[PDB]
Structure formats: C-alpha cells, structure tokens
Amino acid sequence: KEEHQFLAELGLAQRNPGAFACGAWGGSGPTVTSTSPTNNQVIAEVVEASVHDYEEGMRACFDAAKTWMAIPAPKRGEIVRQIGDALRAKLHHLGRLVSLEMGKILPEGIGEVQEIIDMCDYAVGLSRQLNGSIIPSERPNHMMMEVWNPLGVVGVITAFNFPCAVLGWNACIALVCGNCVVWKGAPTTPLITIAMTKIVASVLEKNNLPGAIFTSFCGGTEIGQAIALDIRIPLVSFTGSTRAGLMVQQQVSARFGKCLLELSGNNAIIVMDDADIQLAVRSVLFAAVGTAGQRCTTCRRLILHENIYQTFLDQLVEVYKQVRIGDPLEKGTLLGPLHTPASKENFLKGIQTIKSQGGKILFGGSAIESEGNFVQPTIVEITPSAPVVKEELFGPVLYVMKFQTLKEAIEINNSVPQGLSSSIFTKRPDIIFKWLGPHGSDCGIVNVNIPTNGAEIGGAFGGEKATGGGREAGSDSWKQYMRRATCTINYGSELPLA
C-alpha cells in the first residue's frame, strides 16, 4: 500500500507521534493502526497520547494563554488568515486524506477543507468586531460598559464524520477570541488530526508564537474524559452522540464549566402535494445518500403526502438504482463505504430490527461483497409509531411515512427527541409562514425547498432539544468563546447620601 509520498507532503510517515504538546511531537500511549474504509488496509501507524502526555501539554497550553490573550484581536485574526492560506496550499492533499481515512467521496473532503478555508476568511473580519458596549448609566458621572474577555483554554472533542470542519469552525472562533485550543480528534481519524495540526503548527512557528496555543491529541475516551474533568478548561466543545454528549455535559456542569453541544440528528424532509417533484427527489437523494448517511444533517425521515406518495417513491427508487457505489477517490463515485466494519455490522443488525417493527424495505437493505465496508442505500416504508424511527442509525437508511394534513406532518417531525434540521418542499406561502412560525418546526435549522444538509458559514449552525443548544460558524456565536462582564466606573467626586 503506497504512496507514502502523498503522506510525506502532508508531513506523515509509516509511524507517527500522535501528541502535539508543548510545541513538539510526542506520544507515550499505545500504537494504533489507521485503516482505509475502502479496503480495510493500513495507511500508517499513530503512537497515541497518554494521560501523562495530556498533563504535560495542558500545563504549557494553560501557560501559553497569558501570551495569547495579550495579543490584539486583529493580530490574532492575522494568524488565522495565514492558517487559511496554509490550508489553501494543501487543499488537494487534505481532501484526499479525508477521503482515504474517513471514506467520504473526493468532492466532499475538498469541500470540507474549503469550509475551514472560508471560515478563516470570516474570522479575520470578525477579529475587528469582537465589540463591547458603552451603555448609558442612570447615575451622573458613571460609565457603564459590557466587556468581553478570553475564557483561556477551549477544549474541542470531535467526531469521525467531519474530522477537521468541526475543529475549523471552533478553532477559528476560539483563536480569534484569544483562547488556546486543546483538540482531541476521533480515534479512527488520527492522520487527519496530525496533518491538520502540522498546518496550524507551521503558522504558529513562522510567527514566533508558542506551539502550545494549538495543543492536539490522538486517543480514545481517556483523553476526552480528561478534558471534561479538567478545571483549567472553561469551555468544552463536544461533537458526537447524544449518549456521550450528556456524559461530557454532566462532568463539565459539575465543575461549573460551560460546554458547546453539537449532538445527534434524526432529520426529516416533508414533501407536500404541490411541491416541485424533480427538486424534491434530487434533494432527498443527496440528503439521504450523502456521506453514506453518516452526516449529522443526513435526512433519515421522509414525510410524504398521500397524493404524491407512490409517484414520489417509485421515481426515488428509479434514482436510487442509479447511485454509483465505489472508491471515494475514484471519479463518479456517489456513495462510498461506512467508516468502520463495526458501523457495517450495526447497519445490518438495524435492518433486522427494522423488519421486526414492521418496516418494509422498498430498496437496498443488503451488504455489498467487497474488502471495504460497503452497504446498499436503503428506503423503508414504516409507521411513525415504530421505535426505530425515534432512534439514530448512522448509515444510509431512509424511513418513509405517509401523511394527510400539514398538522400531522409537523406532529411527526417534532415527535423525535433530536431537533437539528428539517425541510418542507412546497410552493404555497401559507404553509411556509406556518412552518417558520411558533406552531411549526422545533429544529435549529428550518429549510424551505432546500435539503437538511445545505449549511453555510453565514448563519449560526446548531440544533435544539436532544442536539444540545450550542451554535457554530457565523452570527453572534463568538460570545460563547468569551466572558461577558458588566462594568461601571464612577468618575465623580459625588458621595452617597448620609
């Protein structure tokens, strides 16, 4: 399995130290193997980080904060600007590494790095706008103001699916806001974590700044638990399951810390009878099949109107038959493999429980005979009452259910514990005003004639209910990475009444 030469340009070797602390690479933890989901073959080896490595790096990361906080915000924005340009120079290579290690199709991965690049460009302008307020006081010779200050150290625990995009949105904002970043990437994604850190480390070194500003570790739940329990980390940004999310939240809340939660999503698309069937079918395909259904924003529930029901799914199966399943690096591939053999096993056992709950498999449902973790994109006719519908299967399974009124459609959409993304395909404005109103969708993302997956830097990305409540990317999200202080200065010689 060569190259090799491709990994060397990303700064990777056969065996790699998986701990970036304190400006240098180390690792006294176990030696893990990085596998490609396309053939289940070794890309390289990673010497994981131990708690010993974590503590050594954490002592320096905390110490580096003093220096970093003192740097003016526009000057911090200039470091982030150079991070974006560093990523631009390796865009093509990082995209390939994301596809090779994670399993997502080449366009996605280039686009993932492109999302981080677009975020750096925004963070430069944002550095000039981390504004405070001068509030009028009700007392004479009193200056009242709202003051923002860095938190210190921001902990970032990321998932396998966006092995650098989640860090990108968090680190760009955290760094620009004067915070140091302690990153713990996915255990199955160590090479992307190293290559991403080497780009950041490059910029920090080029500007004579301590490498401890961007500390990173490769490992399992051990280092993750250490971050959640660390009193030196005021903010922990978690990205993963609702199961692990609550666990992290509980530990962080106990120590009076704050945490940004970006949890599981059971996203639904509602198709009204008056919808653009061509637009709706195309949208449903790319929302459900995209990243082999391993996206937080992946459409898992299809709420179909009775009038269009049959005609919609027969022309959806017709499109599902045309999905090219292959190597994510090969041109024309639409669906790649599932990240691990474990997820392939989970998908197959899920199909069995779906059948148990009365689910009728319209298309797919079977595994594909290959060296990699390949499965068929599945469409399931099921009742909304079935427990598997309220679950969250991280594979290409789409549950389709019939509805009569818009009131019953919203009832189904809001019934699930998760509240990340939702969509309606309709032409009538009365429905659009209902959908976006108080009695509409209870999600963080509410879309009209656009799928659940289409999300950009401009607006604050995040979910409600079981998806946490945390917000990323644009808007006023920066305020989560800083501390608000209400200040009042008395500059008058006037003494209080005796």
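We number the residues from 1 along the sequence you see.
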Fill in: Higher-B stretch (mean Cα B-factor, as the entry records it), 382-390 or 327-335
382-390
Discussion item. When the Cα temperature factors in the entry are averaged, is it 406-414 or 130-138 that ends up higher?
Written reply: 406-414
Discussion item. Given 368, 117, 175, 89, identify the residue with the highest C-alpha B factor in the PDB entry.
Written reply: 368
Discussion item. Given 191, 235, 277, 186, identify the residue with the highest C-alpha B factor in the PDB entry.
Written reply: 277
Worksheet item: C-alpha B factor of residue 284, ranked within the chain: lowest, middle or highest third?
Response: lowest
Discussion item. Looking at the temperature factor on the CA atom of residue 74, which third of the chain's modelled residues does it land in?
Written reply: lowest
Fill in: residue 50 by Cα B-factor - lowest, middle or highest third of the modelled chain
highest
Item to complete: Taking the values exactly as deposited, rank residue 230 by C-alpha B-factor within its chain and report the matching third: lowest, middle or highest.
Response: middle
Worksheet entry | B-factor third for the C-alpha atom of residue 41 within its chain | middle
